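Heads up, the thing below is written out as structure tokens.
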Amino acid sequence: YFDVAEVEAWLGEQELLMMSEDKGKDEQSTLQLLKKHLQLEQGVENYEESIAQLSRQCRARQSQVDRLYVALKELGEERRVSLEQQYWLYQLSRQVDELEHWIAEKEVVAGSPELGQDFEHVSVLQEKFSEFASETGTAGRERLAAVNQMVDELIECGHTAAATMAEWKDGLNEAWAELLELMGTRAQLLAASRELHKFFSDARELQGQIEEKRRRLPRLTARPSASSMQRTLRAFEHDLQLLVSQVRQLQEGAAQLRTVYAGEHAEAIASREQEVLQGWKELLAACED
Amino acid sequence: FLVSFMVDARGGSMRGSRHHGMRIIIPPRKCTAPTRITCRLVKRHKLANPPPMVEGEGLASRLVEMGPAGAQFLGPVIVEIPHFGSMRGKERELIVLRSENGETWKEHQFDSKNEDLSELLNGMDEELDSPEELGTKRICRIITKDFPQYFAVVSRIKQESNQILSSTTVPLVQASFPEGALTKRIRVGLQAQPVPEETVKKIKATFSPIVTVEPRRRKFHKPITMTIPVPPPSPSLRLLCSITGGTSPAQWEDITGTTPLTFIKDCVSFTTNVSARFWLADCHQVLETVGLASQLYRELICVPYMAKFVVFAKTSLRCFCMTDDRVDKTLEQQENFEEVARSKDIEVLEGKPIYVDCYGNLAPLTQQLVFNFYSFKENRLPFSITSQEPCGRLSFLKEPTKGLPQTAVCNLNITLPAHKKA
């Protein structure tokens, strides 16, 4: 009866230590508490090499205590799983929150509406975005897949709060494909702001090429010489016959352009191209006489 | 699309990938420019100052944040939003709110409605069948030429409105304002909610339509006539009224003495001077007619919804009542479950708990079981499951009793997959 007084007492204090009302406070708590749980479990398992003295003493109340080792190592094989859970929860949560804030931070860049003030630099913004398209696209695919499979692992385990992890999975994957879409919109918006500007600047270079021509004709009739008279005139004709090839692409651009826009915008495209064709007439008439 | 898409003045015919029904249409030459159009059904809980509802009015869909807060279209455009409000064949209607900035809530309306002209030779015109077809498909067509920041869809009662007024639901409910009783010739509406006898069984003593005049708690300068049809049978007759207005719920009281009760075949004409809730009750005990009304009233004000009933199983059951959720439920398809029965669309009571009985292969483990249906929430009902019988059918009922048969709501037939036992 030294047995039922000393060993029953040892398992008496073993039960109290292992059983606990602390499941784990923060992420790095559960961990440095679970370490302690694996110490306690190995100490219970290393009390299997002291129950051969009790078995020998009894064999040469026994059914009461024969169960208590399998019960304190089933309480071990349960509260090990509870602490594992409470860590993995804190991990998955932190990954989710941080990932939401990544979708968050990148969302702002997508949703920005700056479509420039001129061709050159909106044509920059085109690139400065399309890079972010890939960086975000692929890097997201990654972070998504990693977190997704974090959940699917915790599911197949059979975590207590998996349901929440499911609606977290949807809550992420949805907002993700939303992001993808959003970038695909932004992209197109930029493409249009581009073509629109390309038009505008093409006007600013044609109205200028022509407003040069019509100005430089008086110079080409007046100082002078006969041997560089016909040659100069024929060369100007060589120019104008390429200016027409350019403006065919100008009118032919304006047409496809009007069809995309409407109202104040289309009414302004009208006045721009009407203005430049009017410059065409005011050169065209001069070059007859 | 899922939430957004860009569109130019070539016009776009875009349906919503995520929520079946959703469909924005922008006809050609109607968008200001290429623009980001959006249409997201935000959760009711997430928002603040949600559009105010009254006693008996009901939220049909979620709220729908739109893509351009202030876009002003040249033409008109359509937003088909799908709802789940029970319509009950004109016993209820759908009024469409709009908030410009999610603080101020106004009704939204367009005076002119046309089919062939709004589309402007749109190739896939695809007007969705007839308007009745929309009413059957639980679609609400909103037509605007400028996108307000937030729409609501709402199921009121029919409130036929003018600025003489008889109800489009029940015609023996003619309530006409007399000459010169209103200072400003203002719109006024007449609502007419009947009562099914079938539900009078719930809690004996009879009732008439619940008549209401929409501009409430506003005194009428010259007495205003009323006509209400009478209940059938079981002083005997008491008339009730509540004067409370708008957001707050009403309260009832007997006012037989203060009102002269003129009789005409099938109904009752009388005067009041205040716009309020009127309701009749023939029964020969008067002290109860207040509370026996407000017990019944509680039942009538609940909102109806055409909900789907789906049962998921995996050897072992999880039962669901839902609307507007993605069908491919991730939680269950991952836990390896099988949708064993997805039922037709069924009017259920946003509040009233719904019961389940089992007429099947095996009984439930080990009290009766119930789960309260709410609108736009997922509704969990988990389970625990002669060996000759392969399959079984379970059914859902609004009444629990075994004295009289209170017929059920939904009969569904199930089949365990039986990859193992338990």
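Only the coordinates and a few stated rules stand behind these numbers; no lab work does. Cβ placement follows ideal geometry from the backbone for every residue including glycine, while neighbour counts extend to all protein chains displayed.
Show which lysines lie in cross-link reach of B:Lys402 when reach means a straight Cα distance below 25 angstrom and same-chain residues fewer than eight apart are skipped.
Counting by Cα, and skipping residues close in sequence, B:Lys402 has these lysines nearby: B:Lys201, B:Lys202, B:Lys204, B:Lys352.
Could you tell me the center-to-center distance, by alpha carbons, between the range B:255-321 and the range A:65-117 in angstrom?
Cα centres, the range B:255-321 to the range A:65-117: 49 Å.
Could you put B:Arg216, B:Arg18 in order, starting from the residue whose Cβ has the fewest other Cβ atoms within 10 Å?
Lowest to highest Cβ neighbour count: B:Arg18, B:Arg216.
Which value, in debye to the nearest 20, gives the size of the charge dipole of the protein assembly as shown about its Cα centre, when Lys and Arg are +1 and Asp and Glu are -1 at the Cβ? Numbers along the way, then the final one.
Numbers: 87 positive and 99 negative charges, 452 e Å.
Magnitude of the dipole: close to 2180 debye.
Can you pull the mean other chain C-beta count within 10 Å for peptide A:189-200?
Numbers: counts 5, 0, 2, 5, 2, 0, 0, 2, 0, 0, 0, 0.
Partner-chain Cβ atoms within 10 Å, mean over residues of A:189-200: 1.
Provide B:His83, A:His37, A:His121, B:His419 in ascending order of the number of other Cβ atoms located within 10 Å of each residue's Cβ, fewest first. Provide the component values of the computation, followed by the final result.
Details: B:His83 25, A:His37 19, A:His121 13, B:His419 8.
Ascending number of Cβ neighbours within 10 Å: B:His419, A:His121, A:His37, B:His83.
What is the magnitude of the charge dipole of the range A:1-156 about its Cα centre, with +1 placed on the Cβ of each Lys and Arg, -1 on the Cβ of each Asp and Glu, and no other charges, expressed in debye to the nearest 20?
For the range A:1-156, the charge dipole is close to 760 debye.
If I model a spin label as a point 7 Å beyond the Cα along the Cα-Cβ vector, how far apart are those points for B:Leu74 and A:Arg67 in nm?
Going from the B:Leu74 label point to the A:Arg67 one covers 8.6 nm.
For a label point 7 angstrom out from the Cα of B:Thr183 toward its Cβ, which stretches of the range B:206-245 have the backbone nitrogen within less than 20 Å?
B:214-224, B:245
Quote the FRET efficiency, to the nearest 0.05, computed for B:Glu55 versus B:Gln367 with a Förster distance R0 of 41 Å and r equal to the Cβ-Cβ distance. Intermediate values should be presented prior to the final figure.
Values: r = 34 Å, r/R0 = 0.83.
Calculated transfer efficiency: 0.75.
Rank these for me by crowding, B:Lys308, A:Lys198, A:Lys128, going from fewest to most other beta carbons within 10 Å.
Numbers: B:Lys308 19, A:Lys198 15, A:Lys128 11.
Least crowded to most crowded, the residues run A:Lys128, A:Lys198, B:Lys308.
As a test of understanding, state the convex hull volume per residue of the range B:1-157 from its alpha carbons, in Å³. Numbers along the way, then the final one.
Values: hull volume 17.5 nm³, N = 157.
Roughly 112 Å³ of hull volume per residue.
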